[PDB]
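Have a look below at one chain only, the form deposited in one PDB entry, in structure tokens format.
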């Protein structure tokens, strides 16, 4: 049976204090009837106001990236206990190595954070048939820096770069193939119980209309949402996870 689903909002640099405060009031006033962990990641300079205003018991606040000693101590002091590491984008755009993100996941877990690590291929890798190789390389790099017990604090988000902000969502079939491959590797290499309890979320052009038929697939455990998370339809994406 599936582990607890997650619905995560990444606001990037978008929204004013007023527009974001309207979304928070909507979230606060929503009755959620099933078991789900909801996550909101505001820009750094909006973390304090979000902290003060967000009250729903099924919601936690996350930071948008954390590159060690430095900012981890600061975020921990401020009450923030989740981080979202956007590696598929940073790799594609700037050349960020797989070892860098692996080291960040390990350092965050050792400081007590829950971590959503975003892994994924480029348009060019997908078209050349290399999705499996690319994705398996990323998960393997992360695993090298972890011990078995650490996996309880890790969540994977499959976020192919061609689906981010483009309007081109993966089909339920494409998401299921990738999620199944990741889980299979984890079962063989790390352990069968670890694999069964791992959350694997899908991200890239998720919306209120397409979320339900993505969630039905065997190995999909929730969503990472960018553009549509700045809109009332985020509540529909939460409801799609049952």
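Positions refer to the first chain, counted from 1.
Omitted here: the form deposited with a small molecule bound. The next part is about that form.
Partner contact region in the deposited complex: 86-94, out of 86-94, 106-114, 121-129, 144-152, criterion any non-hydrogen atom within 4.5 Å of the small molecule.
Although the partner is absent here, residue 174 lies well away from the small molecule in the deposited complex, with no heavy atom inside 4.5 Å. Contact between residue 205 and the small molecule in the deposited complex is found at the 4.5 Å heavy atom cutoff. Among residues of the shown chain, residue 15 is not one whose heavy atoms approach the small molecule to within 4.5 Å in the deposited complex. In the deposited complex, the small molecule sits within 4.5 Å of a heavy atom belonging to residue 10.
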